[PDB]
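Note sheet for the following structure.
Just follow the structure's listing: the first ligand is 1, and inside any ligand the first atom is 1. Below, read A as the first sequence line, B as the second, and so on, with proteins coming before strands; counting in each chain starts at 1.
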Amino acid sequence: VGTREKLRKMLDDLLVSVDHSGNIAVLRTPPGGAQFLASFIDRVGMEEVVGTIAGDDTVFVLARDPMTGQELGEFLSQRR
Amino acid sequence: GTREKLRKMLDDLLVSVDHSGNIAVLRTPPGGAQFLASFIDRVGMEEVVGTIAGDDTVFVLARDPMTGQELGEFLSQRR
Amino acid sequence: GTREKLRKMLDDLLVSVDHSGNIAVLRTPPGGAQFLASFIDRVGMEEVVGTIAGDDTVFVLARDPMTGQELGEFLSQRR
Amino acid sequence: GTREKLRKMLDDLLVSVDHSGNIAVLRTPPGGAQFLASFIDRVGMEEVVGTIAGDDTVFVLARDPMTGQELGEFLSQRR
Amino acid sequence: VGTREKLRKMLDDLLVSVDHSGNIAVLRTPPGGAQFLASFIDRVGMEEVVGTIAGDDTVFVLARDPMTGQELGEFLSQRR
Amino acid sequence: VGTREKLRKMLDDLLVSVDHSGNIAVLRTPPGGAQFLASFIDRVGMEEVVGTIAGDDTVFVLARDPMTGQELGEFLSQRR
Ligand SMILES: NC(=[NH2+])NCCC[C@H](N)C(=O)O
Ligand SMILES: NC(=[NH2+])NCCC[C@H](N)C(=O)O
Ligand SMILES: NC(=[NH2+])NCCC[C@H](N)C(=O)O
Ligand SMILES: NC(=[NH2+])NCCC[C@H](N)C(=O)O
Ligand SMILES: NC(=[NH2+])NCCC[C@H](N)C(=O)O
Ligand SMILES: NC(=[NH2+])NCCC[C@H](N)C(=O)O
């Protein structure tokens, strides 16, 4: 039903919390969820996102300068 | 727990099931393997000796004498 | 695809092959396991029920009645 | 090496042992699977065809004719 | 024997080195150790830590602003 | 044939793109390639690199201050 609405649903299904410090937004997932969530982020292609790294329950998303991790995390919290 | 989380996750995440020997193989979308296997470990099924998740694949070890096919059969059935 | 990417990657990445039962075991250099298994999944070999990659090891599940030794034999042969 | 590092790590990391077929299954605490399997690979046991570590689970492939139970038996015994 | 002393012992058992640059402290582990170490960090709940990402032998720990990676790494080197 | 030339060949074989923001250079790989590439980086020992974290197709490399992610990513793009 499109990379549009799936975004939301993936976000609502998975995002436990959003935090930030500096040029990084930190996304918390349930255990094992990090790689899954970061895959869609990479795949919708946000160009204020330089890249992402997933661990097990955490994703670091790197804001493209001048954008900041707070601005980045906000841009997300509205997609939910 | 499997009440509303069993079938739902499988539909959300289980792309295909295959098997060989005492192992059932679950394919997920990219990055999905750890996440689905998290749900499987958490119900704590006796016949699941254990799970290993890669990136898009999960290997489920069936407890002998149960077969990998029989095991993959069930998770397929929760759908 | 296996034209120029089959033998080449194995030479680049396959350190050793071993086996037991319906499983062939591929050792790679550190961090190499996901990368090599990516190539294997992508040819989509029928007899490969699936793959799991750790850090330097890949487990390849052979589809019964084929054996893990027979399977490891082929990838060794692409070299 | 297994002198002071064999039993010690297992006590530090091995939560439980199970098995099925030619595979022994080791459960670790969260995130512990790669770390414990690192120690196992490094002794280089002949009968260990190879190891794959997920997040909290390790699959140890026993070299035929040895069984996964017999293999899990030993690591249990180093405790 | 508590999330108190286990901290230390986990730290002593695992921390190969601590480094830093910017808002990140970098922790080096033996191979395969990264996820294990970062699990306890997440679990003791440090609130100057926004989050952590583990690889194989490295953990990136994100300092909460205003705190810095150096201050963060020091706060650790005293727990050992 | 040495940690010298293998660098290049590994880099040419694997580096899809290089990006940067702040004190981090972001390296993109094919799927599953991230851990492999970051292993060699760690192993050639660059001391303007504090550390690396690999995911599945992305590596974050932390520049040692004063060095920046751009300067870091450039130092690489010449090794190819
Ligand atoms: N089950 C675990 N491995 N837990 C620890 C995860 C460590 C870190 N937050 C990450 O996602 O990389
Ligand atoms: N992006 C990747 N690493 N893809 C390869 C996946 C390899 C294997 N199927 C696994 O799940 O472990
Ligand atoms: N750096 C490491 N984690 N080494 C241990 C590798 C464990 C196992 N052979 C795997 O590939 O999953
Ligand atoms: N945090 C998690 N990903 N937990 C699920 C672990 C899945 C499986 N037992 C493994 O070790 O690979
Ligand atoms: N055995 C390996 N995978 N080594 C490379 C690890 C790369 C990076 N330092 C990380 O921990 O993510
Ligand atoms: N097949 C996947 N797991 N894709 C998503 C990878 C997410 C992130 N770019 C990483 O490398 O960690």
Side-chain angles (χ1 to χ4, degrees), chain A residues 32-43 49-56 58-62, chain B residues 25-37 52-59, chain C residues 25-42 48-61, chain D residues 31-42 48-55 57-61, chain E residues 29-36 53-58, chain F residues 26-39 42 53-60:
Chain A
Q35 282 296 341
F36 196 40
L37 177 58
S39 186
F40 204 55
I41 291 183
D42 295 350
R43 267 185 299 110
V49 170
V50 181
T52 75
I53 290 302
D56 191 66
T58 304
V59 187
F60 282 10
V61 188
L62 177 50
Chain B
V25 181
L26 319 166
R27 292 302 301 246
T28 76
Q34 282 297 340
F35 194 45
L36 173 68
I52 298 273
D55 188 75
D56 57 15
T57 315
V58 190
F59 275 20
Chain C
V25 181
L26 319 166
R27 292 302 301 246
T28 76
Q34 282 297 340
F35 194 45
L36 173 68
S38 190
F39 173 62
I40 299 146
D41 297 342
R42 273 33 147 188
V48 176
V49 180
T51 65
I52 298 273
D55 188 75
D56 57 15
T57 315
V58 190
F59 275 20
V60 186
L61 177 54
Chain D
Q34 282 297 340
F35 194 45
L36 173 68
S38 190
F39 173 62
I40 299 146
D41 297 342
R42 273 33 147 188
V48 176
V49 180
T51 65
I52 298 273
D55 188 75
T57 315
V58 190
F59 275 20
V60 186
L61 177 54
Chain E
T29 81
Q35 282 296 341
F36 196 40
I53 290 302
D56 191 66
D57 51 29
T58 304
Chain F
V26 181
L27 327 175
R28 294 310 293 268
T29 81
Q35 282 296 341
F36 196 40
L37 177 58
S39 186
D42 295 350
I53 290 302
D56 191 66
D57 51 29
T58 304
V59 187
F60 282 10

Inset, instruction - Compare every heavy atom of C/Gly54 with every heavy atom of C/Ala33, then report the nearest pair and how far apart it is. - result: CB-O, 3.5 Å
Legend entry - From D/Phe59 atom CZ to C/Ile52 atom CD1, the distance as rounded to the nearest 0.5 Å: 9.0 Å
Inset, instruction - State the atoms of ligand 6, each with its element, that fall below the 4.0 Å cut-off from a heavy-atom position in F/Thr58. - result: 9 (N), 11 (O)
Legend entry - Within reach of ligand 6, part of B/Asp56 (heavy-atom separation under 4.0 Å): neither
Legend entry - Interfacing atoms of ligand 2 (cut-off 4.0 Å, heavy-atom, F/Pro31): 1 (N)
Legend entry - Region of A/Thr52 engaging ligand 6 - heavy atom pairs below 4.0 Å: both
Legend entry - Heavy-atom nearest option to atom 9 (N) of ligand 6, drawn from B/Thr28, A/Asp42, F/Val59, A/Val61: A/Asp42
Inset, instruction - State, to 0.1 Å, how close F/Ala38 and F/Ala54 come at their nearest heavy-atom pair, and which atoms those are. - result: CB-CB, 4.0 Å
Inset, instruction - Write out the residue and atom name of the closest protein heavy atom to atom 11 (O) of ligand 2, then the distance separating them to 0.1 Å. - result: B/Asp55 N, 2.7 Å
Inset, instruction - Please work out whether any backbone atom (N, CA, C, O) or any side-chain heavy atom from C-beta onward of D/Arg42 is under 4.0 Å from ligand 3, and answer side chain, backbone, both or neither. - result: side chain
Inset, instruction - Check if B/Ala33 has a non-hydrogen atom at a distance under 4.0 Å from any atom of ligand 2. - result: no
Legend entry - Salt-bridge contact B/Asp56-C/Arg42 (side-chain N to carboxylate O under 4.0 Å): yes
Inset, instruction - Output the list of atoms in ligand 6 that are nearer than 4.0 Å to some heavy atom of A/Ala38, sorted by atom number. - result: 7 (C)
Legend entry - Point-to-point distance, once rounded to the nearest 0.5 Å, from CG of B/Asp55 to CZ of A/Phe36: 11.0 Å
Legend entry - Spacing of OG1 belonging to F/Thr58 relative to CG belonging to F/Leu37, to within rounding of 0.5 Å: 10.5 Å
Inset, instruction - Output the distance between atom CG (A/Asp42) and atom CZ (F/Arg28), rounded to the nearest 0.5 Å. - result: 5.0 Å
Inset, instruction - Please could you name the atoms of ligand 6 that F/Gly55 approaches to less than 4.0 Å, counting only its heavy atoms? - result: 10 (C), 11 (O), 12 (O)
Legend entry - Protein heavy atom at shortest distance from atom 3 (N) of ligand 2: C/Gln34 OE1, 2.7 Å
Inset, instruction - May I ask you to list the atoms of ligand 6 that are less than 4.0 angstrom from any heavy atom of A/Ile53? - result: 12 (O)
Legend entry - A/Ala54, any N or O under 3.5 Å of ligand 6 N or O: yes
Inset, instruction - Compute the shortest N/O to N/O distance between F/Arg28 and ligand 6 and return yes if it is under 3.5 Å, no if not. - result: no
